[PDB]
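Topology and contacts: notes
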Amino acid sequence: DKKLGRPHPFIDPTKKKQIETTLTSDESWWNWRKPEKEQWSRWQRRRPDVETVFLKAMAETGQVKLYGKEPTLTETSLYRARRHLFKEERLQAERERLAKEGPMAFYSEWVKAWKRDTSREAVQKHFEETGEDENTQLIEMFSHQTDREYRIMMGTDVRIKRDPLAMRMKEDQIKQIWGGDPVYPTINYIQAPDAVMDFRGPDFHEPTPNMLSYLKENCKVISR
Amino acid sequence: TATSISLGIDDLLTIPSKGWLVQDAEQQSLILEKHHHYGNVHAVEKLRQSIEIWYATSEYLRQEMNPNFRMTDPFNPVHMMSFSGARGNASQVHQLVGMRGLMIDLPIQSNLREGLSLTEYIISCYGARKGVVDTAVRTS
Amino acid sequence: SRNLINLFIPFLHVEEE
Amino acid sequence: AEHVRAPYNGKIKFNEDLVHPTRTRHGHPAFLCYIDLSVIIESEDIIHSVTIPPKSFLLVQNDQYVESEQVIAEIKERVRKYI
Amino acid sequence: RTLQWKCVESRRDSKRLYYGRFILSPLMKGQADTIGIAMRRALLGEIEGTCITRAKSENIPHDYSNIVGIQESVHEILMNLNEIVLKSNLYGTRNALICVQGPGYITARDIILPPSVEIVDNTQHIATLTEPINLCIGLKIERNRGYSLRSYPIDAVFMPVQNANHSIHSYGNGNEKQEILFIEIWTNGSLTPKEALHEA
Amino acid sequence: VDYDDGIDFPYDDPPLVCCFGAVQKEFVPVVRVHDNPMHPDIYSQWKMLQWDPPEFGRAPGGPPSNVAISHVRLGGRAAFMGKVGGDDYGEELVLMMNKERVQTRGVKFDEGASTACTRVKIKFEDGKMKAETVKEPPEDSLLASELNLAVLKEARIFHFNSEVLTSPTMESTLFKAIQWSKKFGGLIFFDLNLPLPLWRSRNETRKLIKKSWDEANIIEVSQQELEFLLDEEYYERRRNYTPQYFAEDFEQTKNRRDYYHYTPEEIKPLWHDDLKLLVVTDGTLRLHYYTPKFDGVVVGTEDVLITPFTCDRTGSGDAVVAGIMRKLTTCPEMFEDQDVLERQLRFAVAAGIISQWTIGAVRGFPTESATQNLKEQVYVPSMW
Amino acid sequence: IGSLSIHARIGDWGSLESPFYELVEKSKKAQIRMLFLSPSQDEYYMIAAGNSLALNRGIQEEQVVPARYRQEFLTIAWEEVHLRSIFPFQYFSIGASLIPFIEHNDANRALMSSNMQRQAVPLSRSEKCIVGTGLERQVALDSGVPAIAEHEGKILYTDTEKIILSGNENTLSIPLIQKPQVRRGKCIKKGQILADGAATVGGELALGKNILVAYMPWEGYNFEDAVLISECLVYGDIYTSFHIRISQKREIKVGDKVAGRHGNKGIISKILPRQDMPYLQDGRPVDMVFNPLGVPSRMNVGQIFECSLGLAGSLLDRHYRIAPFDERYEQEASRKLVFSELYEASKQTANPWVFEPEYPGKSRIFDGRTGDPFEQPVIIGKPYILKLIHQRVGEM
Amino acid sequence: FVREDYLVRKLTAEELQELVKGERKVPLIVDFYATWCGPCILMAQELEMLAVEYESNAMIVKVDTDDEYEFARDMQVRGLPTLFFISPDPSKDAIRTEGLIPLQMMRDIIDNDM
């Protein structure tokens, strides 16, 4: 702490901090008492933030450590202030993994159909017979890449520079950005395109009669 | 053009402690309402609490919006918009981001990012009509 | 101009069979 | 009026005999002070302190637990109200 | 070759929507984007296409009025003609006919083209005839680029590349920082993606 | 006699539930006379009867396939065990099951019968028109030799509902399935969902369901079903009573709805030695629970006027049952810790509530995430 | 002046009455629990607008909600509430009811955003909005521009001039003054739609088109709510109107006025060819470039939801009909819907740029004149855009 | 004249005994809806569409089990939405169907089983 509180992550208040005991209920004015039952509030539930999901994913990957299992609002505000540092650090680790593994082993993440060995040693040992240099092997590997895999890989485009973590967060984690499925089910909102409205459905008024037809029916207007 | 000043649903940025502050103002109001039912507090004190504690919270929420951007998201779209003065006054940015406050016997706790509940929307609409009338008078 | 043409000619490269 | 708000979590400390009892505009009991009052906040790290000016309503009490950004102190028409 | 390109994928989702992805690899840094943007602009703007530019219903009741025994208006058939896709290589002005003489569906397969034009999708519906009318219409076809502004003019557009994209990826040479370019082309079947890449 | 699967791997993490009986696209068995008809022809007004509904219809149950779908969507695993016709509609129902990821290895496929179609002979007796079944439908006619014993082996809860008791064949098959499941250590869940014929008289239904009820380890009954199996009129007098002079407590002055909590002594005629949990459901508004060792009530809620146009009560009871099974299979302390039981039953409450907010049952069963979200938004954190 | 709210009814005494659900609890046996009450009556009732979705170690009856009593707003227990305002559209005019996410737009502009839709020109090849409120159906039905059937029957014949029904063994001929929605083999119940009108599709109001849009400041040609459009909007007849005098095929032009339903009006300043537009990571050029300084200028965050969810609807092939104040279910409910459907559209289409978790709803986009990305993410959408209709020497 | 908005005709139990005892030219579909029941909102629309599609070639009628509950019980109805298809030939057994069966299953029954 005292040393190495510069650089690395450390508890903001120093460890061994003191704690205090205060007025219990019945020592306090009625306006400064905690109620005898915890009151319902719309705000009772921690707001789901992008910064919480990312800071949890960084904690589980060990890039960061947190005081508890859930990132505080202070920690998420600091992530909000500093996320680009961790993003560029992850992108740099991704460039370095590219340099180490070589393009076959790196980009084979997005070619599930490419079953062959992609290590630099295997690429060399394949060049030493098939005559295909590393580039022709890479063209072939990408020739096995499906369109959907290619669109996912396009996150690695040198102009996009999509976060290596955002490319690999799974659904049950990304869900925590908005806070899981909506409580009111979206199937209530979903409507098909080219659906034609059934104006006889149960959420329309009964068909309005033709005014002349209605007046005639009620014997208010006569024909002959 | 080389940059962009685009605004997104999480480019807006509700001050993080707002929930605690609202819970605070909520709990006090509940206790006072309870004590109003008990006959310890008369209707004028309850009315003045309902106005003033939510005005106090709304003001704090504004006074802590700019520091929050400048310290924790300096390049935030609505931060740059208001602090440079291009469009959106700090009050309008706060009414998107923080809290819309009062116009009225109940507060607007939410903001246009969170959406106004029906009561809040109606109170806002009444304020809008009054504002339009005031502008017309000013022009004449 | 010549370097541009040298960039785009590759798309007209046929390869032997 | 400006509101003085607790800058830290901790325990409020002050000699509440120095200040007069009053009923606030909201019916809450409070202390009304006409002196420079020093209020301690025993936080989790240090004994922070706050200065309260004369002519102000200290809303808090000798040993109350206080939370950061909580209001601790506060520094015509005549209209009918119907019950 | 060191610098090499290949047709990494091709699809034919319809006779009127082909897709092709291409790779070009061992590009140097800053070559891949100079290629990609110029190729994009060529594909989207400098490719030419062939389409019907004029129509002449041989009997016209009025310039704006409905046409008897057809299940849809003259405007709907003019729009269906606008959506016709043609495959010509030769420039210049050309003519064509439809002469359908009974009830049924008139379709692109019924267009009598000149020798230098080909229907890209025979199955494209043009008009519904409920009555045994000797419906004869003349068409005039042009090959051009972009757009251009008694017989009806058709507000047709000569743009066969329906969309294009490119992505640039590090090849991973730590010194030379070579790059891989992918190009993607969606076309009307007037051109295959490879033919559009060549002509671009 | 024994059955061996030849496999030793521990099955899979969310334990399987088997739902036995019939499958219908949506179908309300519990029907009784209601006081307020809306217009007989304008279906545009029957929303008013899904937001101020009959009390027996406040949270309708349905086919056990609804419970299977809801349980799978709440994250569990369900197998549906039953029979369908070889016709297009039996295929549609099996496709509905499969698309909802309900396991259909016990779903047989009669080729010579027409799924929902029951043959009946219309007759006249006492001058009244009557019907008698000439042929039972596929779903009523699953044989005891058509049970999938691998499902009954895997399944930790065997769920059934009393509609199977309206077929003698399905009743015999049910009791064979119960024997098999109990042999494989299963728990028997009996969602009563009394169909119309079983509301005729208390003392006939009580003996009709007697063997099923005494086989069940876990039982779900609506308030109206319990009060019908007990003295319906006694509990009517119980709740229509109002003190002549003064209330015996302050709350009795408030004239609020009577959430009467049946005592264990009143349940004692129905309690039995195998019964690990009885749940009496008063809509989603309350779940009373009873165990050999403790009893209590989970206070729930409903809202349905929040969605006046899109609300529909149907399947809310199936979603409640599915949530109960969903927690029972993954938190069996429900049988032993009262706070745990309450906290987990609040998940069933939330699932029922969400299920009330859309037209259609299968269309409306919530996911696990939506249910837990609603729990954590409705309930104070102390009581999550 | 004003306009009547959607549910308002003129009572038998010339008062304007609104429907309220009545919470009579245990004593009475009411049949219909909707009252209709004028503003004279409805002040003497505690109207709640809250929800019963709150629970505590107490009971639902004692749970407090915001209510209205006399002219005051106040907080009361459900035990005290007399009536509930259950319908979402209850207080809205027709124009305001057609705005999705209206609770996210400054109410000052609710009138303006109403007026915009009342200036929208019917378009050739009208198109249903991806995001709506569900009132486009009511508007189409009650406008009388679609040919509603007058009598049940099987369809006999359908063309541009007439529809023919036969039912109750009697024929009916219905000439069109429209395009037939029924197939010649269809069967029709009495009050169902036969043919769409001008600016309806499928029996929904269809005043505009779903245009692929970015909000970013271009080089001044979108200065203070000017708008750039692609040449494709001229190619596709997307905003081609017919004006009758003889008719003229009015295309969209520089200086034409467009608006979204949120009051985000703008004037077309520039028309750029498809390859000069900004383009998305899927290569598609955007078809308009709005300027984002308008969003806090008129305080309309709802359109960003409409943008994002419209994109989702374009990719999932889903339309959405969001009744107002969905935040009554759940806090952030609208954000949850939008982000959920963006993520579904992403993972179903494998377009990871649609839901970028780092900045959801925004994406990096490229300059079509350069190919470089703009270095900050741009908010993208497929909003529903409507084309609007179109010397004193003074003392000052 | 203004043409009535609904074709499916509500009957009492006695009017139904009359309609079943008397000779019939066409299949009789009897719907045992009840007005509080959710699926019956949908079944009523399916039956209205069937009643248009078949015109006079089918007799589609409905019986509210709020009113005729004991008759529904005697019809062996065990739930709603339920439907009887009664052949015009009085020798054939009637078909009871349960749940929201597809309108195509209704057509199948009426054309091929009645």
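Residues numbered from 1 in each chain as written, not as in the entry; some residues may be left out. Chains lettered and ligands numbered in written order. Part of a larger assembly, values for the part shown. Heavy atoms only, no water.

Within the PDB entry, the label attached to chain H reads PAP10, and the organism entered is Sinapis alba. According to the record, the entry carries the title "Structure of the plastid-encoded RNA polymerase complex (PEP) from Sinapis alba".

The PDB entry lists chain F under the name PAP6, with Sinapis alba as the source organism.

1. Some thoughts on the environment of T242 of chain F
Position of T242 of chain F among the secondary structure elements: in the loop between α9 (232-240) and α10 (264-267). Accessibility expressed as a relative area gives 59% for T242 of chain F, which makes it exposed. (Helix = DSSP H or I, 4+ residues; strand = E, 2+ residues; numbered from the N terminus. Buried < 20%, exposed > 50% of the residue type's maximum accessible area, 1.4 Å probe, protein only.)

2. Focus: the interface of chain B and chain A
Each partner contributes residues to the interface: chain B has 23 residues there, and chain A has 16 residues. Between chain B and chain A, roughly 1,600 Å² of surface is buried when both sides are summed, and carbon and sulfur atoms account for 58% of that area. On the surface where chain B and chain A come into contact, there are one salt bridge. With a shortest N-O distance of 3.5 Å, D10 of chain B and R47 of chain A are connected by a salt bridge. Applying the counting criterion to the chain B and chain A interface returns four residue pairs in polar contact. Secondary-structure elements contributing two or more residues to the side of chain B that touches chain A are α1 (18-37) and α3 (65-72) of chain B. Take the side of chain B that touches chain A: its biggest share by element is eleven residues, from α1 of chain B. Looking at side-chain class alone, the side of chain B that touches chain A contains nine nonpolar, eight polar and six charged residues. (Contact = heavy atoms within 4.5 Å. Buried area = accessible area lost by both parts, 1.4 Å probe. Salt bridge = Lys/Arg side-chain N within 4 Å of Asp/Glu carboxyl O. Polar contact = N/O pair within 3.5 Å; in protein donor to acceptor, adjacent residues only side chain to side chain. Nonpolar A, V, L, I, M, F, W, Y, C, P; charged D, E, K, R; others polar.)

3. Thoughts on the arrangement of the chains
Here 14 pairs of chains make contact, and the pair sharing the most contacts is chains A and G. One finds no contact between chain C and chain D; the C-alpha atoms of the two approach each other to within 63 Å at their closest. Regarding chain C and chain F, the two do not touch, and the least distance separating their C-alpha atoms is 47 Å.

4. Side note on the interface of chain G and chain A
Listed by partner, the interface residues are 62 residues for chain G and 52 residues for chain A. Note on chain G versus chain A: buried area summed over both sides is about 5,100 Å², and carbon and sulfur give 54% of it. Joining chain G to chain A, the criterion identifies five salt bridges. Note that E332 of chain G and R47 of chain A form a salt bridge whose closest N and O atoms lie 3.0 Å from each other. At the level of elements, α3 (135-143), β26 (319-321) and α7 (333-349) of chain G are the ones that each hand at least two residues to the side of chain G that touches chain A.

5. Considerations on helix α4 (residues 103-112) of chain H
Restricting attention to buried positions, one finds in α4 of chain H the residues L103, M105, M106, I109 and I110 of chain H. Axial view of α4 of chain H: buried residues confined to an arc of 160 degrees, hence all on one face. In α4 of chain H, the exposed positions that point more than 90 degrees away from the buried face belong to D111 and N112 of chain H. Residues of α4 of chain H that are buried sit in contact with α3 (88-99) of chain F together with β2 (28-31), α2 (38-54), β4 (82-86) and β5 (94-98) of chain H. (Arc of directions from axis to C-beta.)

6. As for the sheet that holds strand β7 (residues 135-144) of chain E
Residue and element names in this part refer to chain E. Taking strand neighbours across the sheet as the criterion, the four strands line up as β4-β7-β3-β8 in an open arrangement whose pairing is antiparallel. Two strands bound the open sheet, and with one partner strand each, they are β4 (93-100) and β8 (152-153). Strand direction decides the pairing type here: β4 and β7, joined by eight bridges, are antiparallel. Bridging across to β7, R94 finds its partner in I141. (Pairing = 2+ DSSP bridges.)

7. Let's talk about the packing of aromatic side chains
Residue and element names in this part refer to chain F. Tallying each qualifying case throughout the model produces 47 aromatic pairs over all chains. Residues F160 and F190 carry aromatic rings whose centres are separated by 4.6 Å and whose planes lie at 15 degrees to one another, so their mutual orientation is stacked. Of this pair, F160 sits in strand β6 (residues 157-161) while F190 sits in strand β7 (residues 187-191), and the two are 30 residues apart along the sequence. You can call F160 buried: its relative accessible area is 0%. A cation sits over an aromatic face here: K276 above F335, 4.3 Å from the ring centre. A cation over an aromatic ring shows up here: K327 above the ring of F347, its NZ or CZ 4.2 Å from the ring centre. (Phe/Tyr/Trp six-rings, centres within 6.5 Å; stacked < 30°, edge-to-face > 60°. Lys NZ or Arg CZ within 6 Å of the ring centre and 35° of its normal.)

8. A closer look at a nonpolar patch on the surface
Residues and elements named next belong to chain A. A cluster of nonpolar side chains, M211, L212, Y214 and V221, forms an exposed patch at the surface whose accessible area comes to about 360 Å². Take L212: it is sitting in helix α7 (residues 211-217). Accessibility expressed as a relative area gives 45% for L212, which makes it partly exposed. (Patch = residues over 30% accessible without salt bridge, like charges linked within 9 Å, V, L, I, M, F, W, Y side chains within 5 Å. Areas by Shrake-Rupley, 256 points an atom, 1.4 Å probe, with all protein chains shown as cover.)

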